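Here is the file protein.pdb (PDB, C-alpha atoms (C1' of nucleotides)).
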ATOM      1  CA  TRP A  96      -9.907 -13.873 -75.472  1.00  0.00           C
ATOM      2  CA  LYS A  97     -13.023 -12.473 -77.128  1.00  0.00           C
ATOM      3  CA  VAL A  98     -16.269 -12.464 -75.147  1.00  0.00           C
ATOM      4  CA  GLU A  99     -19.814 -11.835 -76.390  1.00  0.00           C
ATOM      5  CA  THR A 100     -21.948  -9.834 -73.946  1.00  0.00           C
ATOM      6  CA  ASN A 101     -24.811  -8.466 -76.094  1.00  0.00           C
ATOM      7  CA  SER A 102     -22.971  -5.244 -76.919  1.00  0.00           C
ATOM      8  CA  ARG A 103     -22.307  -3.331 -80.125  1.00  0.00           C
ATOM      9  CA  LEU A 104     -18.844  -4.942 -80.302  1.00  0.00           C
ATOM     10  CA  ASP A 105     -16.847  -7.746 -78.697  1.00  0.00           C
ATOM     11  CA  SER A 106     -15.280  -7.576 -75.246  1.00  0.00           C
ATOM     12  CA  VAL A 107     -11.625  -8.396 -74.601  1.00  0.00           C
ATOM     13  CA  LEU A 108     -10.370 -10.377 -71.602  1.00  0.00           C
ATOM     14  CA  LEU A 109      -6.635  -9.748 -71.372  1.00  0.00           C
ATOM     15  CA  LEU A 110      -4.323 -12.526 -70.215  1.00  0.00           C
ATOM     16  CA  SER A 111      -2.698 -10.038 -67.825  1.00  0.00           C
ATOM     17  CA  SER A 112      -5.967  -9.959 -65.830  1.00  0.00           C
ATOM     18  CA  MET A 113      -6.846 -13.565 -64.982  1.00  0.00           C
ATOM     19  CA  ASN A 114      -6.591 -15.749 -61.863  1.00  0.00           C
ATOM     20  CA  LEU A 115      -4.463 -18.455 -63.437  1.00  0.00           C
ATOM     21  CA  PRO A 116      -4.394 -21.960 -61.920  1.00  0.00           C
ATOM     22  CA  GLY A 117      -2.351 -22.036 -58.733  1.00  0.00           C
ATOM     23  CA  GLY A 118      -4.017 -18.966 -57.268  1.00  0.00           C
ATOM     24  CA  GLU A 119      -0.898 -17.393 -55.754  1.00  0.00           C
ATOM     25  CA  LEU A 120       2.429 -15.711 -56.525  1.00  0.00           C
ATOM     26  CA  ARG A 121       4.690 -18.173 -58.327  1.00  0.00           C
ATOM     27  CA  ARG A 122       5.552 -16.613 -61.722  1.00  0.00           C
ATOM     28  CA  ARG A 123       4.048 -15.138 -64.886  1.00  0.00           C
ATOM     29  CA  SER A 124       5.944 -15.518 -68.167  1.00  0.00           C
ATOM     30  CA  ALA A 125       5.559 -16.771 -71.738  1.00  0.00           C
ATOM     31  CA  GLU A 126       5.421 -20.430 -70.654  1.00  0.00           C
ATOM     32  CA  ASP A 127       1.823 -19.882 -69.522  1.00  0.00           C
ATOM     33  CA  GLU A 128       0.857 -18.528 -72.958  1.00  0.00           C
ATOM     34  CA  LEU A 129       0.956 -22.003 -74.524  1.00  0.00           C
ATOM     35  CA  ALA A 130      -1.571 -23.453 -72.052  1.00  0.00           C
ATOM     36  CA  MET A 131      -3.659 -20.278 -71.673  1.00  0.00           C
ATOM     37  CA  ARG A 132      -5.684 -21.340 -74.737  1.00  0.00           C
ATOM     38  CA  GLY A 133      -6.327 -24.746 -73.148  1.00  0.00           C
ATOM     39  CA  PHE A 134      -8.491 -24.158 -70.079  1.00  0.00           C
ATOM     40  CA  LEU A 135     -10.493 -21.106 -71.218  1.00  0.00           C
ATOM     41  CA  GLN A 136     -11.503 -22.843 -74.426  1.00  0.00           C
ATOM     42  CA  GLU A 137     -14.226 -21.955 -76.926  1.00  0.00           C
ATOM     43  CA  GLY A 138     -17.755 -21.584 -75.593  1.00  0.00           C
ATOM     44  CA  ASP A 139     -17.108 -21.362 -71.847  1.00  0.00           C
ATOM     45  CA  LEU A 140     -18.889 -19.142 -69.327  1.00  0.00           C
ATOM     46  CA  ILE A 141     -17.204 -16.584 -67.072  1.00  0.00           C
ATOM     47  CA  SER A 142     -18.439 -13.790 -64.801  1.00  0.00           C
ATOM     48  CA  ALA A 143     -16.135 -10.763 -64.660  1.00  0.00           C
ATOM     49  CA  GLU A 144     -16.183  -7.005 -64.026  1.00  0.00           C
ATOM     50  CA  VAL A 145     -15.597  -4.220 -66.542  1.00  0.00           C
TER      51      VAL A 145
ATOM     52  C1'   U B   1       9.452  35.273 -41.971  1.00  0.00           C
ATOM     53  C1'   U B   2       4.948  30.923 -46.237  1.00  0.00           C
ATOM     54  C1'   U B   3       8.181  24.344 -46.813  1.00  0.00           C
ATOM     55  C1'   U B   4       6.767  18.839 -49.136  1.00  0.00           C
ATOM     56  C1'   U B   5       3.920  15.747 -52.706  1.00  0.00           C
ATOM     57  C1'   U B   6      -0.173  14.269 -55.969  1.00  0.00           C
ATOM     58  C1'   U B   7       1.951   8.333 -63.251  1.00  0.00           C
ATOM     59  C1'   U B   8      -0.428   8.742 -68.770  1.00  0.00           C
ATOM     60  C1'   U B   9      -2.742  10.200 -75.490  1.00  0.00           C
ATOM     61  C1'   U B  10      -7.159   1.211 -76.861  1.00  0.00           C
ATOM     62  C1'   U B  11      -4.355  -3.706 -77.329  1.00  0.00           C
ATOM     63  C1'   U B  12      -4.883  -6.474 -82.471  1.00  0.00           C
ATOM     64  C1'   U B  13      -4.428  -7.872 -87.881  1.00  0.00           C
ATOM     65  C1'   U B  14      -0.819 -12.329 -92.835  1.00  0.00           C
ATOM     66  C1'   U B  15     -10.202 -12.844 -94.633  1.00  0.00           C
ATOM     67  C1'   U B  16     -12.962 -17.857 -98.381  1.00  0.00           C
ATOM     68  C1'   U B  17     -16.976 -16.945-102.089  1.00  0.00           C
ATOM     69  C1'   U B  18     -18.059 -21.369-108.363  1.00  0.00           C
ATOM     70  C1'   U B  19     -23.500 -15.613-112.053  1.00  0.00           C
ATOM     71  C1'   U B  20     -26.163 -13.165-116.836  1.00  0.00           C
ATOM     72  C1'   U B  21     -31.314  -9.306-121.444  1.00  0.00           C
ATOM     73  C1'   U B  22     -36.441  -9.740-119.935  1.00  0.00           C
ATOM     74  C1'   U B  23     -39.941 -10.844-115.986  1.00  0.00           C
ATOM     75  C1'   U B  24     -47.146 -10.627-115.641  1.00  0.00           C
ATOM     76  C1'   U B  25     -53.818  -9.959-119.228  1.00  0.00           C
ATOM     77  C1'   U B  26     -58.503  -6.627-121.447  1.00  0.00           C
ATOM     78  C1'   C B  27     -63.993  -8.694-125.309  1.00  0.00           C
ATOM     79  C1'   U B  28     -67.356  -9.097-129.840  1.00  0.00           C
ATOM     80  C1'   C B  29     -67.037  -5.211-133.875  1.00  0.00           C
ATOM     81  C1'   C B  30     -73.291  -3.259-140.934  1.00  0.00           C
ATOM     82  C1'   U B  31     -67.112  -0.427-145.772  1.00  0.00           C
ATOM     83  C1'   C B  32     -74.050   2.960-149.442  1.00  0.00           C
ATOM     84  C1'   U B  33     -75.688   2.246-155.356  1.00  0.00           C
ATOM     85  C1'   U B  34     -74.498   3.270-164.117  1.00  0.00           C
ATOM     86  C1'   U B  35     -72.462  -1.870-164.972  1.00  0.00           C
ATOM     87  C1'   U B  36     -71.021  -6.088-167.508  1.00  0.00           C
ATOM     88  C1'   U B  37     -65.599  -5.862-165.662  1.00  0.00           C
ATOM     89  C1'   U B  38     -62.435  -2.324-170.314  1.00  0.00           C
ATOM     90  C1'   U B  39     -58.616  -4.776-173.304  1.00  0.00           C
ATOM     91  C1'   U B  40     -56.324  -4.495-180.937  1.00  0.00           C
ATOM     92  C1'   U B  41     -53.607  -0.229-182.609  1.00  0.00           C
ATOM     93  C1'   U B  42     -49.221   3.554-182.937  1.00  0.00           C
ATOM     94  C1'   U B  43     -45.964   7.225-181.428  1.00  0.00           C
ATOM     95  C1'   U B  44     -41.597   6.772-174.607  1.00  0.00           C
TER      96        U B  44
END
If you convert what's in this file into structure tokens, what do you get?
Amino acid sequence: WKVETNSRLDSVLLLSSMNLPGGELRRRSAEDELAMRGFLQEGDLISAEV
RNA sequence: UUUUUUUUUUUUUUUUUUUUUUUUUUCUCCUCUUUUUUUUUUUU
């Protein structure tokens, strides 16, 4: 994703670092990549750490 | 007669655009004197 945080550039939120739905150890593969662009859609608000 | 362990050079690229020299001011302004105006003519 690309996040705007009033900086000189854009900030990148990698898919590898995200608490995906389920919130536990089940699996992480390319099947999630199709629905990753579904829940964190355009114009949402997050609160993360650099 | 002095062993064992302490990772490293950001990820990304396959974006659209249908105009045209210049460009924008300055006011009214007393002309002195022999004249009517000479004139054909010929040699270029």
CA of residue 98 in chain A to CA of residue 139 in chain A, distance in Å rounded to a single decimal: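 These atoms are spaced 9.5 Å apart.
CA of residue 137 in chain A to CA of residue 106 in chain A spans 14.5 Å [interatomic distance, one decimal].
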The PyMOL selection byres ((chain B) within 12 of (chain A)) applied to the shown file, residues as a list in words: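 Residues picked by the PyMOL selection byres ((chain B) within 12 of (chain A)): residues 10, 11 and 12 of chain B.
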Neighbours of residue 112 in chain A within 12 Å (only C-alpha atoms (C1' of nucleotides); same-chain residues fewer than 4 positions away dropped), as a short mmCIF file (atom, residue, chain, number, x, y, z; two decimals) with C-alpha atoms, in the frame of the given file?
data_model
loop_
_atom_site.label_atom_id
_atom_site.label_comp_id
_atom_site.auth_asym_id
_atom_site.auth_seq_id
_atom_site.Cartn_x
_atom_site.Cartn_y
_atom_site.Cartn_z
CA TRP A 96 -9.91 -13.87 -75.47
CA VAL A 107 -11.62 -8.40 -74.60
CA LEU A 108 -10.37 -10.38 -71.60
CA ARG A 123 4.05 -15.14 -64.89
CA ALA A 143 -16.14 -10.76 -64.66
CA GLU A 144 -16.18 -7.00 -64.03
CA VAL A 145 -15.60 -4.22 -66.54
#
For CA of residue 116 in chain A and CA of residue 142 in chain A, determine how far apart the two atoms are, in Å to one decimal place.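 We find that CA of residue 116 in chain A and CA of residue 142 in chain A lie 16.5 Å from each other.
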Taking all atoms of range 11-23 of chain B that appear in the file, build a box with edges along x, y and z, extend it by 4 Å on every side, and state its centre and edge lengths in Å to one decimal, as JSON.
{"center_x": -20.4, "center_y": -12.5, "center_z": -99.4, "size_x": 47.1, "size_y": 25.7, "size_z": 52.1}
Please list as a list in words every residue within 12 Å of residue 115 in chain A, counting all atoms listed in the file and excluding residues in the same chain fewer than 2 positions away.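 Once the nearby chain positions are removed, what remains is residues 109, 110, 111, 112, 113, 117, 118, 119, 120, 121, 122, 123, 124, 127, 128, 130, 131, 132, 133, 134 and 135 of chain A.
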